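Alright, here's a single protein chain in two forms, structure 1 and structure 2, each given by itself as structure tokens.
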Structure 1
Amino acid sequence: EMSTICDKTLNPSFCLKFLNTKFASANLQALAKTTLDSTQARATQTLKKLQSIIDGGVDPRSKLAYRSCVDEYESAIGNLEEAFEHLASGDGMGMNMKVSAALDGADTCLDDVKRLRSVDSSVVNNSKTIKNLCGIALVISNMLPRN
């Protein structure tokens, strides 16, 4: 669907590299966007939900862990958005850094809470789902051009 074009140029070799580069980049640019969004959405849901759980009241033990998770997710949501800005400036690296940070928040929450008696399913799943999502975004951020 691109060779059709390139073969008509006085320099197809150039064309292909360009059309394939810009196409790849555009593609990565889109997968990051969707991965980050899915991630941001789930982090936002888990964040409200934690804030709510804390509101509804829980034992001192669970309160503490759910409070640590809240701080991890507020910190993660900021980092995911920042990472989006780096994806935008084409700064895979800062993006990676930001995605890592976010991932660490999810992992730390996961750990602050996997030990609780009857943890909130939701918090747990979103936390693992988000670790997976950050995983993807981390990879994609590494494919971005650098000098």
Structure 2
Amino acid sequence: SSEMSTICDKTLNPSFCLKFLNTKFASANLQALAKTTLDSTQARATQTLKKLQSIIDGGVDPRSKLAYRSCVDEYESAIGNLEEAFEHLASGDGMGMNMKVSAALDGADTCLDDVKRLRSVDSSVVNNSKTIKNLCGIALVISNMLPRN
């Protein structure tokens, strides 16, 4: 039994992880699976940055505006962190990947905390933030399992 076939038990939302690995017929090669996971995570982050900007540009109230602007800053940083995560993955450096994915996760988590006190919130921002947190959680488990140099 490959690690991939049971890896979801080590995540906060195993349902999400099971959906993700089945939907994408996940590689049993952990290096390959790290890369496809990062791909999905970066695509989601980039989409979310665009959504946040669209919401801000449409004109929200000051409380929402500060929250979504904080989310933009967190996502700009998270996107950079995921870019670095890719760079380290390309060298086979699982630990490097892990540190940078961890930093990205905090960006998504911080966005979720920045929007929590809002009376009414954009569901795609909340849902994408949760999705990115979950995807980072999967990538952390994978990067942990890659061979040490």
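Only residues modelled in both forms are compared. The term rigid core refers to the most C-alpha atoms you can superpose between the two forms while keeping them within 1.5 Å. Counting starts at 1 with the first residue of structure 1 and goes up one by one along its sequence.
(request) Align both forms on the core first, then report whether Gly135 has a C-alpha shift of 2 Å or more between structures 1 and 2. (result) Shift of 2 Å or more: no.
(message) After a rigid core superposition, would you say the CA of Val124 moves by 2 angstroms or more between structures 1 and 2, or not?
(response) Not so; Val124 is displaced by less than 2 Å.
(request) Quote the shift of the Cα of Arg115 between structures 1 and 2 to one decimal place in Å, the two forms being superposed on the rigid core. (result) Its C-alpha moves by 2.1 Å once the cores are overlaid.
(request) After lining up the core, report the Cα displacement of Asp37 between structures 1 and 2 in Å, one decimal place. (result) With the cores aligned, its C-alpha sits 0.8 Å away.
(request) Taking the rigid core as fixed, quantify in angstrom how much the C-alpha of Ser52 shifts between structures 1 and 2. (result) C-alpha displacement of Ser52 between structures 1 and 2: 1.2 Å.
(request) Superpose on the core, then tell me which runs of at least 3 consecutive residues have all their CA atoms shifted by 2 Å or more between structures 1 and 2. (result) After superposition, only residues 1-26 shift as a run.
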